[PDB]
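Asks: So I've got this experimental structure, pasted below with the sequence.
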Amino acid sequence: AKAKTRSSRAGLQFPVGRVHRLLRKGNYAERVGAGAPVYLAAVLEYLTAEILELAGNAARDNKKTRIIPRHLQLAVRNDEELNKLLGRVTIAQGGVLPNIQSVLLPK
Amino acid sequence: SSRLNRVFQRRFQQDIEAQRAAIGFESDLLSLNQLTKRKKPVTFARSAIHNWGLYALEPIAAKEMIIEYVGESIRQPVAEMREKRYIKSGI
Amino acid sequence: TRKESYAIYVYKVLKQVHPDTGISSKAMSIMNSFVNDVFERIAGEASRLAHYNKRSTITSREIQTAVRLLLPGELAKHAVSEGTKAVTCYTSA
Amino acid sequence: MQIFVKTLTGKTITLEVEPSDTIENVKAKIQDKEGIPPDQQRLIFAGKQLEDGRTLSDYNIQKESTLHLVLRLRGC
Amino acid sequence: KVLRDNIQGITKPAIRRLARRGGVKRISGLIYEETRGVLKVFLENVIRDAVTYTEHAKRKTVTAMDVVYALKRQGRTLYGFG
Amino acid sequence: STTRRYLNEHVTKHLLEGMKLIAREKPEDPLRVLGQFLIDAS
Amino acid sequence: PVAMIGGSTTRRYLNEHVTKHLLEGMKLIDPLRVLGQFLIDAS
Amino acid sequence: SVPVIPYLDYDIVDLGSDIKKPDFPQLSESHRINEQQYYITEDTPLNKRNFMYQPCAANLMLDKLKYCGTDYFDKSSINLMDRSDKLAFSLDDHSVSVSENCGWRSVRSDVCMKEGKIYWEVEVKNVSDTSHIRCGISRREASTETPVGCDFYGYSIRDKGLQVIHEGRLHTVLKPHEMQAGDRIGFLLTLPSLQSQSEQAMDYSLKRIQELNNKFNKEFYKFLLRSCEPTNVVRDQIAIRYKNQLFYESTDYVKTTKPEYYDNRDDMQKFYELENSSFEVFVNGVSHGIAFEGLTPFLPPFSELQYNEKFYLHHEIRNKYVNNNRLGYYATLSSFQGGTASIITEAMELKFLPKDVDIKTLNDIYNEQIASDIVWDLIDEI
Amino acid sequence: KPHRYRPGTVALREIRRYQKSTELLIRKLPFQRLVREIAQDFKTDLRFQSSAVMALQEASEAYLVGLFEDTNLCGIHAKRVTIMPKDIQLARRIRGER
Ligand SMILES: C[S@@+](CC[C@H](N)C(=O)[O-])C[C@H]1O[C@@H](n2cnc3c(N)ncnc32)[C@H](O)[C@@H]1O
């Protein structure tokens, strides 16, 4: 794609300059492989792409252009396997998933 | 199920965007729509309720977009000619 | 002072899936702090894993066993595929 | 004379060519209109892939036909 | 000044609104003091770990990272404040 | 519509004819010619 | 003046010129002869 | 059931101010054709949802009514209310001109053709093989989005050969001739008298109440059609504040089927046609014959104004088949893909003017529209 | 007799209203004055960052809501529609908190 700015060479958006710094001044292990931050930036970009895609989808389905945290909870919790990765976490300012247990409805 | 689709169309902007750099011009590389990276499997066949219907080939859940309606963009006057002409030929 | 964050790099991916939308700053601080969690969760697990086997290098092979552990189900298979596809492009070019 | 070089996903172009033009001459005109290099272009007419050295008359290309263009984006 | 019994400011509608949002339909009147006896237990732990992060930094102000780190520690990670 | 019924039956025909008279071209005392046209119909 | 208050066409000088005195003649109103004079009284 | 809307600060004019009380038509830069910038109106209302609009002016002397109806321009010209949203005209030549990517529209000038003889010319600027126009005549019923001629609410002629247009059909009944960048078409429209109009309209009112009426209630539609007067006005025109200005909404006429009536004489469903009508065109002065002679009679019983058929029947009450002084044929113009046509108003800007004493210029009846507008509303002011 | 709503059809409205909005559900001043009380027992003279009272509030109100979802399941399991304190103390006991 390019030859400068090592993320350009892998053709990504997430930086491999910042990640490769943060894998050595974070004390995860002694010597960080030079392939390693690339693969790590590839996984991070993929998740940030997947969670921004389902967020944006639920923003047009509520007629709004930009994305507010209420959309991010709906993107995560309505998903089957992004909710499971984010199971214990709590998104600030981010509502609840609407559900009502069945016996609470009238009949 | 809908995983692969959303990653399939993710590969199309992983390809098309590398060499669109000067031009530029629409030529079918203009994202090659939006609202298509979610479309569904859905087919058409002989309907129980009319000649031709549309069928969900996947167990789609509660509030989930199937398909955008596509066609021509025509104004209200030219609609009324077309609304009568097709019926004049009996569509 | 300069206090780095992933503000732009999240924006540059928003313009790649949904090129017409924007993002509120309160829901940018979430994404800024979502990636900083998955980073410290993957590089964490990929450093217990280079130490049980008595290595002292975080290769790119630990980062894919670490992703095949943390990320569940179909996020594992995809993030491996988009993992290896982006390290191959690095070495070749 | 005028052609369409209507590309695989759904949109059309409008070129001005001669029937005596080479396919690479037409592939030059797409590149002037899209920047897409001619080596990554395949031009398809009646299902037949047309060759760079051949002309439009050779393949019975007529006025206002629809040609098919299938780019191969490099890599990665 | 030193205060006591601010927990009755966590008021009876503001317990039932939380209850409504969590999808419950009829609330026994004995709940409204039980919940104030759960919310005091939760807030005790989170602030006790949070002051300890502050105290360690030789600082006198419980910043937002401390509350986020105290919540991350007990397995209740909070996205939103850094 | 009782006040309407009377005026629109009798008055409107020659009142509008005198009113579109001054719309063609004005004299500097048009109100007199408005008076003058109403006498000629009677 | 009140020529412009009834909008703006120059042929609607009538709003200044004729209208107020005729309506004051008409709003008292019956044959056309009394209205024949009620448009004379303004001059 | 609603109060009269009160005035505002700009509404009370004063002697000195030279501003124009209907707030000016804000223009928008459309395109460059005929070496001229033309303009679409951007912030003044258009006629939609079967309405016709008119800028009202707060008239301070009036008591029951607080307002008067007003037109914008000084002489006769296009009213900008019944036109399309891409229909551009410039303050230089008053030629209507759609852009090259805009289609068959229509634009009506505000002058009504009710009775007598009216003549005017229409200048034609840019009529290419790619850009077209359709000039002619239409009522208030003909939708300004479609071009005139698909219906019995308007008639026109083509540009090349002047094929005369009705029901969508193209008729070569006149002398065929083509427009160019310099022609000008004149219109000898001979009309019946309003007395002759009133009797043929009253005849259908009698011929429709019972004559084919032997639906679940046929007395009330007969009662509405008793209550069907030839020249009497029923107008519900109310002031409204739209876009920070002040305007009227007037009730408009709907589309309906063909007026047919069984004359027992000739044993055929006869069409209603006006008396002694003539549609003659000038082509740079030369006459071309009579395109149409059977214009529709419209005045009460052929035009249905907008009516609340579930509100009024249940019950004080208005009527469908009324007059509102806007009733009749108008100076009608169309444009296609950049096709330009300009309307000429006064005798001084006419070149081929025939010598009849019954002919009055287009500006003349406009003044009679100025004459009619206030004094009909003064009668409704009591 | 006026328009009285049946007992229950303001609950199932206040459910669907509150689940559909995101705002904070405990008034900010009776919560800021609660945190500063409980923080007194560990240090005296603590200033709180304005954000770090919000940051406390956003996690406590998402605990109780996550508790009342877990509570109400026990009620329904006991063939009730009323949550009682023998239901809170089961959800806490099963999750390993008390
Ligand atoms: C919006 S289109 C749908 C296209 C239609 N499914 C087809 O096969 O062409 C309108 C058509 O739906 C059909 N339709 C409308 N209502 C229907 C109904 N209640 N049952 C069966 N067909 C119906 C009519 O035949 C009409 O032509």
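Replies: Happy to help now that I have it. Numbering: from 1, shown residues only, chains lettered A, B, ... in the order given.
Asks: Strands of the chain, start to end?
Replies: In the absence of a named chain, chain A is used. In chain A, strands defined by DSSP state E lie at A:31-32, A:90-91, listed in chain order.
Asks: my bad, chain I
Replies: Assigned by DSSP E, the strands in chain I fall at I:47-48, I:82-83.
Asks: now the stretch 101-250 of chain H
Replies: Per DSSP state E, counting those that start in this stretch, the stretch 101-250 of chain H carries strands over the ranges H:107-113, H:117-118, H:121-123, H:136-138, H:154-157, H:164-166, H:169-171, H:184-190, H:238-242, H:245-251.
Asks: ok, the fourth one: who's next to it in the sheet?
Replies: The sheet places strand H:136-138 alongside strand H:154-157 (antiparallel), strand H:329-333 (antiparallel), with pairing taken from DSSP bridges.
Asks: which residues are contacting it?
Replies: For strand H:136-138, the surrounding residues in contact (CB atoms under 8 Å, 6 or more residues apart in numbering or on different chains) are H:106, H:108, H:113, H:148-149, H:153-157, H:165, H:187, H:189, H:279, H:329-332. Every residue, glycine included, has its C-beta placed from N, CA and C.
Asks: One more pass at 10 Å, please.
Replies: H:82, H:106, H:108, H:113, H:122, H:144, H:147-149, H:151, H:153-158, H:162, H:164-166, H:185, H:187, H:189, H:279, H:281, H:291-292, H:295, H:329-334 (CB atoms under 10 Å, 6 or more residues apart in numbering or on different chains).
Asks: returning to that earlier point: please identify the deepest-packed of the strands of chain I.
Replies: Ranked by mean neighbour count, these are led by strand I:82-83 with a mean of 21 (mean count of other CB atoms under 10 Å in any protein chain shown).
Asks: That one vs chain E: in contact?
Replies: Yes. Applying CB under 10 Å from any CB of the partner chain, one finds strand I:82-83 touching chain E at I:82, I:83.
Asks: Tell me which other helices or strands that strand touches.
Replies: strand E:26-27, helix E:31-56, helix I:51-77 (3 or more CB pairs under 10 Å, 6 or more residues apart in numbering or on different chains; DSSP states H and E).
Asks: The shortest one pairs with which strands, parallel or anti?
Replies: The one in question is strand E:26-27. strand I:82-83 (parallel).
Asks: got TSV for the strands paired with strand H:136-138, with mean neighbour count and distance to residue A:90 too?
Replies: What follows is the strands paired with strand H:136-138, written out as TSV (neighbours: other CB atoms under 10 Å in any protein chain shown; distance: least, CB to CB, whole Å):
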stretch	mean neighbour count	distance to residue A:90
strand H:154-157	26	67
strand H:329-333	27	67
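Asks: Now residue 34. Nearest residue, chain neighbours left out?
Replies: Picking chain A for this. Nearest non-adjacent residue to residue A:34, counting by CB to CB, 6 or more residues apart in numbering or on different chains: residue A:20, 7.8 Å away.
Asks: actually chain F
Replies: Closest to residue F:34 by CB to CB, 6+ apart is residue G:39, at 4.3 Å.
Asks: residues contacting the one you found?
Replies: For residue G:39, the contacting residues are F:18, F:30-38, G:18, G:21-22, G:25-26, by CB under 10 Å, 6+ apart.
Asks: Please apply the same query to residue E:37.
Replies: So residue E:37 contacts E:7, I:85, I:88 (CB under 10 Å, 6+ apart).
Asks: Which residues are in contact with residue A:101?
Replies: E:23, E:24, E:25, I:69, I:72, I:73, I:75, I:76, I:81.
Asks: Check those and tell me the two furthest apart.
Replies: The span of those, defined through CB to CB, is set by I:69 and I:81 at 14.8 Å.
Asks: higher neighbour count, those two?
Replies: residue I:69 (18 against 15; other CB atoms under 10 Å in any protein chain shown).
Asks: Would you mind finding the most buried of the helices and strands packed on strand I:82-83?
Replies: helix I:51-77 (a mean of 21).
Asks: Do that helix and chain A come into contact?
Replies: Yes. Helix I:51-77 is in contact with chain A by CB under 10 Å from any CB, via I:54-55, I:57-59, I:61-63, I:65-66, I:69, I:72-73, I:75-76.
Asks: deepest of the strands of chain A, which one?
Replies: Counting by mean count of other CB under 10 Å, the most buried of the strands of chain A turns out to be strand A:90-91, with a mean of 23.
Asks: Look up the closest residue to the residue positioned nearest the centre of chain I, ignoring the ones flanking it.
Replies: Taking CA atoms, centre = their mean, the centroid of chain I lies closest to residue I:64, which sits 3.8 Å from it. Excluding the flanking residues, the one nearest residue I:64 by CB to CB, 6+ apart is residue E:18, at 5.0 Å.
Asks: Next one: that neighbour from residue B:48, what distance?
Replies: Using CB to CB, to the nearest Å, residue E:18 is found at 48 Å from residue B:48.
Asks: Could you do residue I:23 as well?
Replies: Distance, residue I:23 to residue B:48, using CB to CB: 47 Å.
Asks: so which residue of the stretch 201-350 of chain H comes closest to chain G?
Replies: Here the residue of the stretch 201-350 of chain H nearest chain G is residue H:246; by CB to the nearest CB that distance is 10.3 Å.
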